[PDB]
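Before any questions on how it binds or moves, here is one chain, the form deposited in one PDB entry, in structure tokens.
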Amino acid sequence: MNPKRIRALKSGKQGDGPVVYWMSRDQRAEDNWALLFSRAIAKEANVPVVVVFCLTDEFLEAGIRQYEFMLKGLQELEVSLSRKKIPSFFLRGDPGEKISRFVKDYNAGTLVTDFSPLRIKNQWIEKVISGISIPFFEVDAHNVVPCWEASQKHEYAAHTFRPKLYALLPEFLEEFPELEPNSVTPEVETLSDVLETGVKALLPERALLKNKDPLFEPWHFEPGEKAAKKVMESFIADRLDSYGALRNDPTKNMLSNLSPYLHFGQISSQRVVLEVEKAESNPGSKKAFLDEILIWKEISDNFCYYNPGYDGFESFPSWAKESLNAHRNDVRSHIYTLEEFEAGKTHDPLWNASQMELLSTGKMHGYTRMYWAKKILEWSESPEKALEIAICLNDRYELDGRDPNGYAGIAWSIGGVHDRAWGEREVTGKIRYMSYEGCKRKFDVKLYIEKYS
């Protein structure tokens, strides 16, 4: 129980009622530092711990693919917390109003939530803080090393954040203590009812094709805390050995496929790191996978935390803002609208195959994601339009969308964030360029195109 994982958002008078855990980003019962610290505070106060989840009005800004994945996991989570005598309350509406009412109605003594550097999460905290008088804590249950402890500033490169994160690994990379159940069961609708209503409201915006059939294939990633563990065990036993040599081959499914579970917090990355470190395989493949789940994943939280405008052109490096500004008036070879990018109606078959995989599976390959967003910059009227188009298609169709990884991954491709300057080209400027011929020399582009017609 390292006290550096928990930060105080607002001090106040601790009430004589239960400790309330505000689950937002880490929807899981095991390996949850936020839930564990809530159980410790509750035990020292001689009071049980409760879990609350808010079903916000922003769910309609996404699709059914993300609403069903996250609600089906909550149905499994409600069972697991029930086995620990931990009641879970699911509220619908504004967190600033539903939590401020839950705290006063249930006589909350302490409020705890998990950490998320997103702007929407900071909006809820501001509304909640002004409506409560009890202590307010937050816990970094998503990163191995707390985001405010790994670095005190924004790291402009990976080679500057890697020594800082690895130097703190011997302290924060530890095993998880068991979640002690509540002593006695203590003293707002069914999740299946909220799922049917939410789907009926989202159906008119469902992604379809010509024959009115749905585009999403939900049999690729089963949601839940139990399904995340099976995926982790399959990757370590079957795909971890070849990850280093095939992570850039979209025609091979050699990736861990853990991101949708990682985004919703259905599995803890620290648990994944612990299992991989004890696994004996290719050292080059292990070093490559850890550089993705530790360095690049937690540097995305670092990027969103220390850059308020992480989704804007202002967060780009000075060399990239000046390079893009010098090529703003360059005549673009193509200009596609958001509807053409969404439907995959560009002249690039490789790009359309990446967009069709996104629409069909909700998880586009990591390598094509770099090509997918860089061509949005090349075929847009301005870098700002490319950012908004890339963010829209990402957050809407990616199962791991609306994530700090997504915003840091798009800032890297369009604005060179966490990258360096390359040869100066037109339109794109000094941003790293990925050509269609370059992808042909890296993998079989024909097999990837034919797989997603």
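By rigid core we mean the largest C-alpha set that fits within 1.5 Å across both forms. Residue numbers run from 1 along the displayed sequence.
Just so it is clear, the following notes concern the form deposited in another entry, a form of the same protein that is not shown.
J.: When the rigid core of both forms is overlaid, which of 237, 335, 208, 331 is the one whose C-alpha moves 2 angstroms or more between the shown form and the other one?
T.: C-alpha shift of at least 2 Å: 208.
J.: Once the core is aligned, does residue 422 move its Cα by at least 2 Å between the shown form and the other one?
T.: Residue 422: C-alpha displaced by less than 2 Å between the shown form and the other one.
J.: After the core is overlaid between the shown form and the other one, has the C-alpha of residue 61 moved by 2 angstroms or more?
T.: Result for residue 61: yes, a 2 Å-plus shift.
J.: Superposing on the rigid core, do we see a C-alpha displacement of 2 Å or more at residue 314 between the shown form and the other one?
T.: No, residue 314 moves less than 2 Å.
J.: Since the Cα separation of residue 362 and residue 207 moves by 3 Å or more in that other deposited form, tell me which way: closer or farther than here.
T.: Residue 362 and residue 207 sit farther apart in that other deposited form.
J.: Between residue 182 and residue 193, do the C-alpha atoms lie closer or farther in that other deposited form than in the shown form, with a difference of 3 angstroms or more?
T.: Closer is correct, given that in that other deposited form the C-alpha spacing of residue 182 to residue 193 is reduced by at least 3 Å.
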